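Okay, structure first, notes after.
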Amino acid sequence: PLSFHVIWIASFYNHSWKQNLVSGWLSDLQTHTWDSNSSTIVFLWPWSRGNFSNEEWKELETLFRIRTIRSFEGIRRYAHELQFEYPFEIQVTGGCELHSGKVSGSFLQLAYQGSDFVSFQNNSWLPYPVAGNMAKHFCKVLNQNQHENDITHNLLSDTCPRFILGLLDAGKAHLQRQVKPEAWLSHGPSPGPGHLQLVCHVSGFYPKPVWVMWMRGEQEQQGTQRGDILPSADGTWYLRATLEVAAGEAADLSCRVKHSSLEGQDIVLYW
Amino acid sequence: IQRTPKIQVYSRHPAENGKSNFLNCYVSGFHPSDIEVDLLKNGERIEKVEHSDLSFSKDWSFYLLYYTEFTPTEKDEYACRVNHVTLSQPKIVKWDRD
Ligand SMILES: *[C@@H]1O[C@H](CO[C@@H]2O[C@@H](C)[C@@H](O)[C@@H](O)[C@@H]2O)[C@@H](O[C@@H]2O[C@H](CO)[C@@H](O)[C@H](O)[C@H]2NC(C)=O)[C@H](O)[C@H]1NC(C)=O
């Protein structure tokens, strides 16, 4: 599925109070931040430059300088008429993606109070059906400046596809790396008298695709429930897989783990 | 819309009393973004805890990671306390190795 996108978070706590934050992401992994105190882009990894020159990054910096202030200052003055009420939040995401190693499409979507509001498609701003009349007015306003729309369209159409192929090949050795999990077993909460809950933790793995199952010999236990895959501060992943059993029938149980790092040798723990 | 937070606590490595480790607190699915997160040792705050940059999912809801070094002990109690406008009072989630 892999995509690249830039996000923008603006909040209008008070009349006296407001925050805004801009950053770039390659799926889950952060790669860029905008640093207002000095007014520059911040590369979080040495390969965050991709295949782009200083010349071009310089021009991209002029652009974000201008837009984030203008956009921010102008949503504040259009608020009274659009009937945005304090406090409120605005969110934007834009970028593009690849399906099987070729570019697939771009997007640019905007949200008000946690819900879809407007989107940018085929060189124009479009209103989201359930948002109603305030979303129509907002598009009326955003389409007036045809100049600024052609610039927005050239970022999504041309700059972004070149960027993501350059980013990915430059980050090759970090994204294609392989890291082996560890595993361990513990008691979970009892579902009721006469019964136990077995928990099996898997942690430290990269990449993300993993397989974990409770077993009786060769026979997979279909009561196995796996949870969410959760992040860990160093970049690797974490998971638990649980099973409820009558306590008389808990002998001869094991947890088995398969992952691309292990090179064929599955991890197996015995209860 | 307002959405209320989901709170998950976990350790990076299995507990071994007297050995350094990392305690995590993942807070996800909330809106709006205004939130207070703490990690507590014996119900008192922990200074210098670090967190990810604010980000959101495809359904617009926000998520954060909070984490810190810690050395678990036979008798020490560790938790995660969260406050959000969706909550009639602050919510605590204890870390239990079992
Ligand atoms: C940055 O990279 C892109 C992508 O090119 C491909 O992926 C690279 C990592 C590398 O493997 C190249 O050999 C690949 O071609 C460049 O854009 C492409 O340019 C080629 C010609 O060399 C062209 O045939 C493609 O259509 C281009 N793809 C586009 C425009 O999406 C680009 O030139 C590189 N540099 C910059 C600054 O953009």
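One line per chain: the protein sequences are A and B, in this order.
Going by UniProt numbering, the first sequence opens with residue 24, and the numbers climb by one from there.
Going by UniProt numbering, the second sequence opens with residue 21, and the numbers climb by one from there.
All residues carry an ideal CB built from backbone N, CA and C; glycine is no exception.
Buried or exposed (CB count within 10 angstroms, at least 16 for buried), residue i
i	result
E112/A	buried
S77/B	exposed
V153/A	exposed
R239/A	exposed
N44/B	buried
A273/A	exposed
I92/A	exposed
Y261/A	buried
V102/B	buried
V291/A	exposed
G128/A	exposed
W40/A	exposed
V105/B	exposed
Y229/A	buried
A269/A	exposed
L276/A	buried
Contact test: residue i Cβ vs ligand 1 heavy atom, cutoff 6 Å
i	result
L188/A	yes
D257/A	no
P25/B	no
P184/A	yes
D251/A	no
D73/B	no
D275/A	no
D192/A	yes
Alpha carbon of residue i to alpha carbon of residue j, nearest angstrom
i	j	result
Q136/A	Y109/A	11 Å
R100/A	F107/A	10 Å
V115/A	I32/A	7 Å
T88/B	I89/A	37 Å
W115/B	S209/A	13 Å
residue 295/A	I98/A	Here chain A has residues from 24 to 294 only, and residue 295/A is not among them.
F143/A	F66/A	27 Å
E205/A	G250/A	17 Å
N168/A	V233/A	49 Å
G287/A	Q42/A	50 Å
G211/A	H224/A	11 Å
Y46/B	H71/B	10 Å
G155/A	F35/A	22 Å
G49/B	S81/B	5 Å
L221/A	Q244/A	12 Å
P214/A	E267/A	7 Å
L165/A	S76/A	31 Å
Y30/B	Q248/A	18 Å
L179/A	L121/A	14 Å
Cβ-heavy atom distance, residue i to ligand 2, below 6 Å
i	result
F75/A	What this structure holds is ligand 1, not ligand 2.
* To do: Could you pull out every unbroken beta strand (DSSP E) segment of at least 3 residues lying fully inside the region 136 to 179 of chain A, listed in chain order?
  => 138 to 144, 147 to 150
* Asked: What are the complete beta strand (DSSP E) segments, minimum 3 residues, inside the UniProt domain "Ig-like" (184 to 291) of chain A?
  -> 205 to 210, 218 to 228, 234 to 239, 260 to 269, 277 to 281
* Please list the segments of the beta strand (DSSP E) lying wholly inside the UniProt domain "Ig-like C1-type" (25 to 113) of chain B, counting only runs of 3 or more residues, in order along the chain. => 26 to 31, 41 to 50, 55 to 61, 82 to 90, 98 to 104
* Pull out every residue of the region 64 to 82 of chain B whose Cβ sits closer than 9 Å to any Cβ of chain A, in chain order. => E70, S72, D73, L74, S75, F76, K78, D79, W80, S81, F82
* Which residues, in chain order, does the region 105 to 122 of chain A contribute to contact with chain B at a C-beta distance below 7 Å? -> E112, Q114
* Members of the region 53 to 66 of chain A near chain B, C-beta cut-off 8 Å -> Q53, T56
* chain B contacts made by the region 131 to 150 of chain A, where a contact means CB separation under 9 Å -> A134, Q136, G137, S138, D139
* Compile a chain-ordered list of the residues in the region 253 to 276 of chain A whose CB is closer than 7 Å to at least one CB of chain B. => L253, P254, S255, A256, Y261
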